[PDB]
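One structure is given below, encoded as structure tokens.
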Amino acid sequence: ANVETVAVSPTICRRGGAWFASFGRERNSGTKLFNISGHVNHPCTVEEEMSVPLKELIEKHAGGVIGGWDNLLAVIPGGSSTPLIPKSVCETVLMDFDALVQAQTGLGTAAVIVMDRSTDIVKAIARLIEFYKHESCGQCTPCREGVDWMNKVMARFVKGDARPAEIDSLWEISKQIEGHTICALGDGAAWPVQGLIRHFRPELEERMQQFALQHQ
Amino acid sequence: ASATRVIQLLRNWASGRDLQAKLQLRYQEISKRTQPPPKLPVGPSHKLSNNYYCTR
Ligand code: SF4
């Protein structure tokens, strides 16, 4: 059992199940610890109700996005394993399990990483993929080989060295890895790539166009 | 063809045809024995996605 799960049980028993139940939406009960990091004015750890909107959380407790809310480019809402969502989704999304699932992402650890419009969105996800490459235990074939393969492909994507067709190839690679591994580290490596492809395909194609142009 | 004109005319009359038009022996018209390199395209299965073998 996770430490946060363990450490709220004595308070839950003392105040009763119902008190904990009232907070948050139905089936998304209680309070939650949020870590807001990245491109915010006051990165911090705070306690907040479950189904609080993401914008409310960022602007109230973290001081807002660096350079204003309109400067926001993307948010990873639940730690590195959850897919990113662009600004247009972050404006009304709620920070619970079911709402973020509906937003094609996850609540995860409730670790909100904020990236403003000055961020190289491809490079940040490539760094996350490199993290997963260095953390794989190497036991099962799909993670051990495919995470390293995706790391190489993403390192090339940062420069723009590849061709646009490879984008779809990369997507398929992630699908091969996902659901075929002993544990969920494969899921956690496949999901951020899928989010990047889903929401920032034009950036990848545009970078590839620049690389092909400059190298003639 | 290096045949003289009178022999050419005799050949045409004996055969009844214009023999010089379609000569069996082949000269300069045929393709050169040295050719530029080809490129040779690839088949429909040379794709990076949407190409699972169980569908083909
Ligand atoms: S998916 Fe899990 S078990 Fe398989 S290699 Fe990666 S970390 Fe190891």
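When reading the values below, keep in mind they use all heavy atoms of this one structure, side chains included, and skip hydrogens, waters and symmetry mates. Just so you know, ligand 1 is whichever comes first in the structure, and atom 1 is the first atom listed for that ligand. In what follows, chains carry the letters A, B, and so on, assigned in the order in which the sequence lines appear, proteins first and then strands, with residues in each chain numbered from 1.
Applying the ring pair (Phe, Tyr, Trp, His ring centres under 6.0 Å) rule to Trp69(A) yields no partners; only residues at least two apart in sequence or on another chain are considered. Not a single ring pair (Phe, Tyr, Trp, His ring centres under 6.0 Å) links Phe131(A) to another residue, sequence neighbours left out. Scored by the ring pair (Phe, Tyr, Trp, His ring centres under 6.0 Å) test, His215(A) finds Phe211(A) as partners (sequence neighbours excluded).
Under 3.5 Å, the side chains of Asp98(A) and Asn28(A) contain a donor-acceptor pair of N or O atoms. For the residue pair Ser45(B)/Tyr53(B), the side-chain donor-acceptor check at 3.5 Å is not satisfied.
The environment of CD in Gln28(B) is sparse: at most 12 heavy-atom neighbours from other residues, nucleotides or ligands sit within 6.0 Å.
Counting only protein atoms, the N, O or S atoms lying less than 2.8 Å from atom 8 (Fe) of ligand 1 are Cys137(A) SG, ordered by chain and residue number.
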